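Report on the following structure.
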Amino acid sequence: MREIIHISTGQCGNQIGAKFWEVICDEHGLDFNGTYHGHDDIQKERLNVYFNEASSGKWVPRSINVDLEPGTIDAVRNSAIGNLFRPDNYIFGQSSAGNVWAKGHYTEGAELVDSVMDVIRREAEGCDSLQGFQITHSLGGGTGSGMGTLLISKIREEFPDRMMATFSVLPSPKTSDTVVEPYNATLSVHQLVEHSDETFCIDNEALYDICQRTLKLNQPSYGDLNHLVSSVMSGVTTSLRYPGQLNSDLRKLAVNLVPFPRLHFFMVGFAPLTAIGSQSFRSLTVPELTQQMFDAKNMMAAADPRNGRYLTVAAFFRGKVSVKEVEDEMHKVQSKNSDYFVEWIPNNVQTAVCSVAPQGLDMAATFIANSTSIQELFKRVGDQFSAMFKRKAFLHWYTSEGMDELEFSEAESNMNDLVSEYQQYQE
Amino acid sequence: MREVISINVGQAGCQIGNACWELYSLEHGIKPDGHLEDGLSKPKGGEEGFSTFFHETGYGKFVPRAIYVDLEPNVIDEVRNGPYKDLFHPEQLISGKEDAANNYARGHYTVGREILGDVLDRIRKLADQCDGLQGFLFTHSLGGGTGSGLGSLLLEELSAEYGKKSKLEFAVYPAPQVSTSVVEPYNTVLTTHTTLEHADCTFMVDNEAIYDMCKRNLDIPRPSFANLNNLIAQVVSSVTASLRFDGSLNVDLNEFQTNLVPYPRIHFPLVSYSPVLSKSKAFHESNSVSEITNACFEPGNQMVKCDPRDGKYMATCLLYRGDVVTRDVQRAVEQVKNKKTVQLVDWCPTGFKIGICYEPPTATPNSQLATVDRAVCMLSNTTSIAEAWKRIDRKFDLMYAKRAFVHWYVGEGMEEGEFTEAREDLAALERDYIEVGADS
Ligand SMILES: CC(=O)O[C@H]1C(=O)[C@@]2(C)[C@H]([C@H](OC(=O)c3ccccc3)[C@]3(O)C[C@H](OC(=O)[C@H](O)[C@@H](NC(=O)c4ccccc4)c4ccccc4)C(C)=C1C3(C)C)[C@]1(OC(C)=O)CO[C@@H]1C[C@@H]2O
Ligand SMILES: Nc1nc2c(ncn2[C@@H]2O[C@H](COP(=O)(O)OP(=O)(O)OP(=O)(O)O)[C@@H](O)[C@H]2O)c(=O)[nH]1
Ligand SMILES: Nc1nc2c(ncn2[C@@H]2O[C@H](COP(=O)(O)OP(=O)(O)O)[C@@H](O)[C@H]2O)c(=O)[nH]1
Ligand SMILES: [Mg+2]
């Protein structure tokens, strides 16, 4: 379990997926052309995790970019990063599905399937033993929602003992840009909690709040939003490609964070948040990074963590850190904020100390927890889905392809059963 | 006797195990490259030094008998890139391609049995080269899947093949206060269910207690795992100090299981390292006989998060090293017994096994410990150890009453009723630990 295959689905997944490889190549010192720049003993020995050793000393990633918009792939290969990806994994279509879940699931998304699963079997034979699959999709579109959920059911069918760590994008309940978003988000959870072993809740509303408060960025664009997401995706698989004191595997983050198969929605986070210019005014210490992880203004979710109760928390301290300062500052938060942690599990947060440091920052830390406050985001989507289903609005766009009124009732019923289980363990 | 086989498994086994051989090479003057430079003869690196732990091969080289078996390649591959890469044989390192994480079910039934057929062949070929094998040495880590699952599986297969072998163990019990894992109490009850019915002596150490022995005593501002492994390595070196050298009272490993473990069960001794002094206060200490002896029973110098004053002492074992007087040992222990705090049992009239060692120990350069003239090792068995086992049981009853993490064990190959039998065996051990200790 040392090779990780990353797959990007949809236009939103391609913008975040392609930007994710730019940060990975910078840590290991890989040029955007193919020839490696600087190799060390802690980086060259772990190049097989996200890259493959081809010919003439060329390292190419195993990214699988599948979408239904030709303008998305053509906008990446013509830049200055498409030379690293193999020109054999980009699989697109002619027609676009738009924001319809029924098109990319069995209508327009059913045209590929065999072509997408063909490149997956080729990468499994070239590697020794697979580990996980990082699928980056979104909830609200047509390709990332319709075809993104169908690909998860096909990988688990052929690889039942493989991890399915997906980075889904949850809708924002504060002024959305689409209309048929609850219809594409409700049907996505019905196919996500039945195959994916773990997922992460990320919304776009909490991204603009961070750039306008801590980062102090005047009118952030779509490029700056990918930096906060790629930093969390790269901060999870740190002990797999770098040694450390208390390492952690992808299966370790599932046993210690998923108490019940129906409860696997996590809350991502990162630290610190130093603005441009205030570098000397901020001290990078262990107690400073701890307060930034348990704060409500630094979370990538639209839910309030103070209202709910925490269950399983996972911390990842990187850089020149000491285990003594980690275990001390961790107990002070649990002892002071005892009302936020449930007494049913005395071990709500574990320790994962790393030894390497990112290129630039001296001390980095991320926050991953599975509190009971995640049910608030599921209630806002359920209220908007039930209000539009009563009037039968925007229904002919799905029933004309092959949908039925029985499938929408089963997807809505599963949304109420998930929220009902979070209230039982919360008490 | 002669040779002693050392086995290091798990995450803590591969880290602390490297610090044990680092101290052994400094006391015997063994070059890390695998030579005999700086030593020649003398008991500090001669015929009495090459025997035990290490092994004499050809071309003037000396390789140890350590067998590093870890289910994570991110730890074994790091040791190969370090300076201590020429000591042990390259074939002794057996890595894996599937991380068992911290799950006891995978490292005992699925992943634990994939390498079980290969680890038994290395021990069999190594035991044949030992002209008179004494016992074994294990380094467990209760809190994961490799140091708990593979460790309990290897101990069961090794006890059935041999039997009459001093199978030592230096496990690391979880801290009763700050924990490091979520499914940590699950890997603790399942480990003690098979450790009691196979192992003969399991030295327990607490990671939280070492933090107190370095911040208040050593005054270390930022202690890490590089300093915790040095204190535990000095404890293992103090037990086998009478066998690897000379002294007035030679103590064998078979004597630790007689004067401390009279019953077939109950074999969980504690540890309290006394020579704990920093380099800044090295000129403000007398290091007398009665001063170091009184520091053994102090809770501040104990490597186990427990209060021995609330309980009663059953059987102690002191290991005096360096240059000490035989008459001063019998007088310093008598003063402690007359304090009316030890609370000796009625059957044992003494219970203070002493062990005078003539070879003075040393300290690792990566620590704040100076070269002392004497060292005292405390290996006692108190009745307050059941208090630490009670706190672990309380954390297991809360997670089992509502079925917290259960599907991770049943889906791999473990019956749900196994947790009930393991809890009943742990509860029966704690019940008999207080009933016998109340009138011993
Ligand atoms: C003069 C100087 O030291 O400038 C720093 C800097 O001022 C600060 C504020 C940087 C700066 O980062 C940001 O402002 C930022 C912007 C969007 C999203 C996230 C951060 C920096 O832009 C980011 C840049 O980061 C890197 O160079 C890392 O290698 C980083 N790289 C990227 O994210 C990256 C950006 C563009 C293109 C390619 C890569 C990285 C981190 C983790 C893993 C891989 C790479 C650094 C240290 C700085 C500047 C340049 C000002 C900080 O961020 C990082 C990631 O280091 C923000 O807080 C830290 C602290 C740094 O000191
Ligand atoms: N004091 C100390 N403890 C360690 C060290 N390395 C590992 N540990 C132990 O490892 C535990 C952390 O859990 P894990 O990362 O899963 O390690 P593990 O319990 O040995 O399980 P595996 O990693 O599968 O071997 C801690 O509770 C420690 O007791 C170390 O270097 N020093
Ligand atoms: N955070 C973030 N969200 C994005 C980005 N690009 C698109 N999105 C989200 O994706 C949604 C649109 O999805 P869309 O591209 O139409 O899906 P598709 O038709 O299947 O490709 C919008 O609601 C955005 O919120 C990005 O760069 N960052
Ligand atoms: Mg390990």
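Here, A, B, ... name the chains of the structure tokens in the order displayed, residue numbers run from 1 inside each chain, and ligands are numbered from 1 in the same displayed order.
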
Per-residue nearest contacts chain A to chain B, cut-off 10 Å, using only C-alpha atoms, as CSV:
```
residue,atom,partner,partner_atom,distance
A:1,CA,B:98,CA,5.1
A:2,CA,B:97,CA,7.4
A:41,CA,B:81,CA,8.0
A:42,CA,B:78,CA,8.9
A:45,CA,B:77,CA,9.2
A:46,CA,B:74,CA,9.5
A:128,CA,B:97,CA,8.5
A:129,CA,B:97,CA,7.2
A:130,CA,B:98,CA,9.4
A:131,CA,B:98,CA,8.5
A:239,CA,B:74,CA,8.0
A:240,CA,B:74,CA,7.3
A:241,CA,B:74,CA,8.1
A:242,CA,B:74,CA,7.6
A:243,CA,B:74,CA,5.8
A:244,CA,B:74,CA,8.3
A:245,CA,B:225,CA,7.6
A:246,CA,B:11,CA,8.3
A:247,CA,B:74,CA,8.2
A:248,CA,B:101,CA,7.0
A:249,CA,B:101,CA,6.1
A:250,CA,B:101,CA,8.2
A:251,CA,B:101,CA,6.1
A:252,CA,B:101,CA,4.8
A:253,CA,B:101,CA,8.6
A:254,CA,B:408,CA,9.4
A:255,CA,B:408,CA,6.7
A:256,CA,B:182,CA,5.4
A:257,CA,B:182,CA,8.2
A:258,CA,B:405,CA,8.1
A:259,CA,B:405,CA,5.3
A:260,CA,B:404,CA,7.3
A:261,CA,B:407,CA,8.6
A:312,CA,B:182,CA,7.7
A:313,CA,B:182,CA,9.0
A:314,CA,B:182,CA,9.4
A:321,CA,B:224,CA,9.0
A:322,CA,B:224,CA,5.7
A:323,CA,B:224,CA,5.6
A:324,CA,B:223,CA,6.1
A:325,CA,B:222,CA,7.5
A:327,CA,B:178,CA,6.7
A:328,CA,B:178,CA,8.2
A:330,CA,B:178,CA,8.5
A:331,CA,B:178,CA,6.7
A:343,CA,B:398,CA,8.6
A:344,CA,B:398,CA,5.9
A:345,CA,B:399,CA,6.4
A:346,CA,B:395,CA,6.5
A:347,CA,B:182,CA,5.0
A:348,CA,B:182,CA,6.5
A:349,CA,B:182,CA,6.9
A:350,CA,B:181,CA,4.8
A:351,CA,B:180,CA,5.2
A:352,CA,B:180,CA,8.2
A:425,CA,B:402,CA,9.0
```

Set the cut-off to 7 Å, count only C-alpha atoms and all ligand atoms, and list whatever residues fall near ligand 3 as an mmCIF file with N, CA and C atoms, in the first residue's frame.
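The resulting file, selection-v5.cif, is shown below:
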```
data_model
loop_
_atom_site.group_PDB
_atom_site.id
_atom_site.type_symbol
_atom_site.label_atom_id
_atom_site.label_comp_id
_atom_site.auth_asym_id
_atom_site.auth_seq_id
_atom_site.Cartn_x
_atom_site.Cartn_y
_atom_site.Cartn_z
ATOM 1 N N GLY A 10 -15.032 16.159 -13.460
ATOM 2 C CA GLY A 10 -15.745 17.412 -13.578
ATOM 3 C C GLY A 10 -14.819 18.602 -13.763
ATOM 4 N N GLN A 11 -15.431 19.734 -14.115
ATOM 5 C CA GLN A 11 -14.660 20.958 -14.316
ATOM 6 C C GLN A 11 -14.075 21.463 -13.002
ATOM 7 N N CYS A 12 -14.838 21.365 -11.911
ATOM 8 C CA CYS A 12 -14.328 21.795 -10.614
ATOM 9 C C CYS A 12 -13.216 20.882 -10.115
ATOM 10 N N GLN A 15 -9.806 21.721 -12.034
ATOM 11 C CA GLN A 15 -9.122 22.939 -11.608
ATOM 12 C C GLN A 15 -8.401 22.729 -10.283
ATOM 13 N N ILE A 16 -8.997 21.954 -9.377
ATOM 14 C CA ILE A 16 -8.348 21.675 -8.101
ATOM 15 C C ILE A 16 -7.357 20.524 -8.235
ATOM 16 N N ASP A 67 -13.831 14.285 -17.873
ATOM 17 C CA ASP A 67 -14.883 15.286 -17.789
ATOM 18 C C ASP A 67 -15.742 15.202 -19.046
ATOM 19 N N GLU A 69 -16.530 18.315 -20.742
ATOM 20 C CA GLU A 69 -16.386 19.636 -21.346
ATOM 21 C C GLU A 69 -15.031 19.704 -22.035
ATOM 22 N N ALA A 97 -23.006 17.735 -20.145
ATOM 23 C CA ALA A 97 -24.161 17.401 -19.323
ATOM 24 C C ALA A 97 -24.716 18.594 -18.558
ATOM 25 N N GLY A 98 -23.926 19.649 -18.376
ATOM 26 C CA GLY A 98 -24.384 20.816 -17.649
ATOM 27 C C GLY A 98 -24.503 20.578 -16.158
ATOM 28 N N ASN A 99 -25.697 20.808 -15.608
ATOM 29 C CA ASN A 99 -25.950 20.620 -14.184
ATOM 30 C C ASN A 99 -27.050 19.590 -13.953
ATOM 31 N N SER A 138 -17.494 17.243 -7.087
ATOM 32 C CA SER A 138 -18.307 18.276 -6.463
ATOM 33 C C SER A 138 -19.763 17.835 -6.471
ATOM 34 N N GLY A 140 -23.340 19.272 -7.155
ATOM 35 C CA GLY A 140 -24.118 20.357 -7.722
ATOM 36 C C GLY A 140 -24.020 20.439 -9.231
ATOM 37 N N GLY A 141 -22.958 19.872 -9.793
ATOM 38 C CA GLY A 141 -22.734 19.885 -11.224
ATOM 39 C C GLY A 141 -23.383 18.710 -11.924
ATOM 40 N N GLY A 142 -22.862 18.403 -13.109
ATOM 41 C CA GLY A 142 -23.376 17.301 -13.899
ATOM 42 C C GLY A 142 -22.374 16.181 -14.083
ATOM 43 N N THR A 143 -21.099 16.539 -14.246
ATOM 44 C CA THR A 143 -20.059 15.531 -14.417
ATOM 45 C C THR A 143 -19.501 15.079 -13.072
ATOM 46 N N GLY A 144 -19.190 16.030 -12.190
ATOM 47 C CA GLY A 144 -18.670 15.673 -10.882
ATOM 48 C C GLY A 144 -19.707 15.037 -9.978
ATOM 49 N N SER A 145 -20.987 15.310 -10.228
ATOM 50 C CA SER A 145 -22.062 14.737 -9.428
ATOM 51 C C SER A 145 -22.659 13.491 -10.070
ATOM 52 N N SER A 176 -26.231 30.800 -3.821
ATOM 53 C CA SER A 176 -25.635 29.857 -4.754
ATOM 54 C C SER A 176 -25.712 30.394 -6.180
ATOM 55 N N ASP A 177 -24.853 29.852 -7.039
ATOM 56 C CA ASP A 177 -24.788 30.259 -8.437
ATOM 57 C C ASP A 177 -25.595 29.355 -9.358
ATOM 58 N N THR A 178 -26.134 28.252 -8.847
ATOM 59 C CA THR A 178 -26.928 27.325 -9.636
ATOM 60 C C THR A 178 -28.306 27.158 -9.008
ATOM 61 N N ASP A 203 -16.967 23.463 1.410
ATOM 62 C CA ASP A 203 -17.885 24.382 0.760
ATOM 63 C C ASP A 203 -17.151 25.654 0.356
ATOM 64 N N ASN A 204 -17.735 26.373 -0.601
ATOM 65 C CA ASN A 204 -17.143 27.598 -1.118
ATOM 66 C C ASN A 204 -17.469 28.825 -0.278
ATOM 67 N N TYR A 222 -10.819 32.536 -8.409
ATOM 68 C CA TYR A 222 -10.902 31.085 -8.297
ATOM 69 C C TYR A 222 -9.536 30.438 -8.113
ATOM 70 N N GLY A 223 -8.456 31.138 -8.464
ATOM 71 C CA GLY A 223 -7.131 30.565 -8.293
ATOM 72 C C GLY A 223 -6.692 30.525 -6.842
ATOM 73 N N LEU A 225 -8.636 30.192 -4.297
ATOM 74 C CA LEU A 225 -9.432 29.233 -3.540
ATOM 75 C C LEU A 225 -8.834 27.835 -3.601
ATOM 76 N N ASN A 226 -8.074 27.529 -4.654
ATOM 77 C CA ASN A 226 -7.460 26.215 -4.787
ATOM 78 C C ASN A 226 -6.239 26.042 -3.895
#
```

Original post:
What residues have any atom no more than 10 Å from ligand 1 when counting only C-alpha atoms and all ligand atoms, and can you list them as a ChimeraX atom specification?
Top reply: /A:19-28,211,214-217,220,223-235,270-280,282,284,357-364

**OP:** Please give the complete set of residues from stretch 181-298 of chain B that DSSP, run on the backbone, assigns to alpha helix (DSSP H), formatted as a PyMOL selection string.
**Re:** chain B and resi 186-195+207-212+225-239+241-244+289-294

Determine, counting only C-alpha atoms, which protein, DNA and RNA residues have an atom within 12 Å of an atom of residue A:196; residues of the same chain fewer than 2 positions away are not included. Present the result as a compact mmCIF listing (two decimals) with C-alpha atoms, in the first residue's frame.
```txt
# COMPACT_ATOMS: atom_id res chain seq x y z
CA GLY A 132 -6.19 4.46 -2.00
CA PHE A 133 -7.96 6.50 -4.66
CA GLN A 134 -8.18 10.29 -4.30
CA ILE A 135 -11.30 11.33 -6.25
CA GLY A 148 -18.29 11.26 -10.11
CA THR A 149 -20.50 8.99 -8.01
CA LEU A 150 -20.72 6.28 -10.69
CA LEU A 151 -16.93 5.87 -10.87
CA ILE A 152 -16.77 5.20 -7.12
CA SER A 153 -19.12 2.22 -7.49
CA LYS A 154 -16.91 0.78 -10.24
CA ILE A 155 -13.58 1.04 -8.40
CA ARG A 156 -14.90 -0.61 -5.23
CA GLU A 157 -16.49 -3.39 -7.29
CA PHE A 159 -11.07 -3.35 -5.60
CA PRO A 160 -13.12 -4.01 -2.44
CA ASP A 161 -10.07 -3.90 -0.13
CA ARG A 162 -8.92 -0.46 -1.36
CA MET A 163 -9.55 2.83 0.41
CA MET A 164 -11.87 5.42 -1.17
CA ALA A 165 -10.78 8.82 0.17
CA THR A 166 -12.84 11.35 -1.80
CA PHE A 167 -12.68 15.14 -1.53
CA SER A 168 -16.26 16.14 -2.26
CA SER A 188 -24.92 12.25 -4.77
CA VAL A 189 -25.08 11.34 -1.07
CA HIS A 190 -27.16 8.25 -1.88
CA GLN A 191 -24.23 6.90 -3.93
CA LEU A 192 -21.49 8.29 -1.65
CA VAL A 193 -22.34 6.71 1.73
CA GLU A 194 -22.64 3.25 0.11
CA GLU A 198 -14.36 8.27 4.06
CA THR A 199 -15.08 11.73 2.67
CA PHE A 200 -14.51 15.40 3.46
CA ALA A 254 -10.43 5.49 8.99
CA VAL A 258 -15.23 6.38 11.47
CA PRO A 261 -20.26 3.16 8.56
CA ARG A 262 -23.06 5.73 8.20
CA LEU A 263 -20.96 8.39 10.00
CA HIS A 264 -17.92 9.33 7.92
CA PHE A 265 -18.24 13.06 7.11
```

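For the set A:376, A:391, A:66, A:80, the residue with the smallest atom-to-atom gap to residue A:120 is A:66, counting only C-alpha atoms.
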
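When only C-alpha atoms and all ligand atoms are used to measure the gap to ligand 2, the shortest distance among B:2, B:390, B:106, B:85 belongs to B:106.
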
Original post:
Within 9 Å of residue A:59, counting only C-alpha atoms, which residues qualify if same-chain residues fewer than 6 places away don't, as a PyMOL selection string?
Top reply: chain A and resi 30+34-36+47+51-53+84

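Distance-wise, atom CA of residue A:32 and atom CA of residue A:355 end up 26.8 Å apart.
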
Original post:
Can you list, as number ranges by chain, every protein, DNA or RNA residue that comes within 12 Å of residue B:309 when you count only C-alpha atoms, leaving out same-chain residues fewer than 2 positions away?
Top reply: B: 297-299, 306-307, 311-313, 339-343, 382-385

**OP:** Mind checking which residues fall within 9 Å of residue A:374, counting only C-alpha atoms, ignoring those fewer than 2 positions away in the same chain, and posting them as a VMD selection string?
**Re:** chain A and resid 201 265 to 267 301 303 to 305 308 370 to 372 376 to 378 419 422

Keeping only C-alpha atoms, write those residues as a compact mmCIF listing (two decimals), in the first residue's frame.
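This is the output file selection_6.txt:
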```txt
# COMPACT_ATOMS: atom_id res chain seq x y z
CA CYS A 201 -17.00 18.28 3.60
CA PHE A 265 -18.24 13.06 7.11
CA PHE A 266 -15.12 14.89 8.29
CA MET A 267 -14.33 18.57 8.85
CA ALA A 301 -17.42 24.39 6.57
CA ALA A 303 -21.62 24.81 10.07
CA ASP A 304 -20.93 26.10 13.57
CA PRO A 305 -18.68 23.66 15.49
CA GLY A 308 -22.40 20.48 17.95
CA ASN A 370 -15.95 14.32 12.81
CA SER A 371 -18.16 16.38 15.12
CA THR A 372 -21.94 16.12 15.41
CA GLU A 376 -26.60 21.18 10.06
CA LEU A 377 -25.35 21.22 6.46
CA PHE A 378 -27.51 18.18 5.66
CA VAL A 419 -29.16 13.16 10.56
CA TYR A 422 -25.91 11.94 14.62
```

Any idea what's packed within 10 Å of residue B:326, counting only C-alpha atoms, ignoring anything in its chain fewer than 6 positions away? Could you give it as a tab-separated table (two decimals) with C-alpha atoms, in the first residue's frame?
```
chain	number	residue	atom	x	y	z
B	248	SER	CA	30.11	-9.65	43.84
B	249	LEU	CA	26.52	-10.93	43.45
B	320	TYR	CA	23.42	-1.71	42.34
B	354	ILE	CA	20.06	-6.96	45.85
B	355	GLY	CA	22.38	-7.14	42.86
B	356	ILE	CA	25.86	-5.64	43.18
```
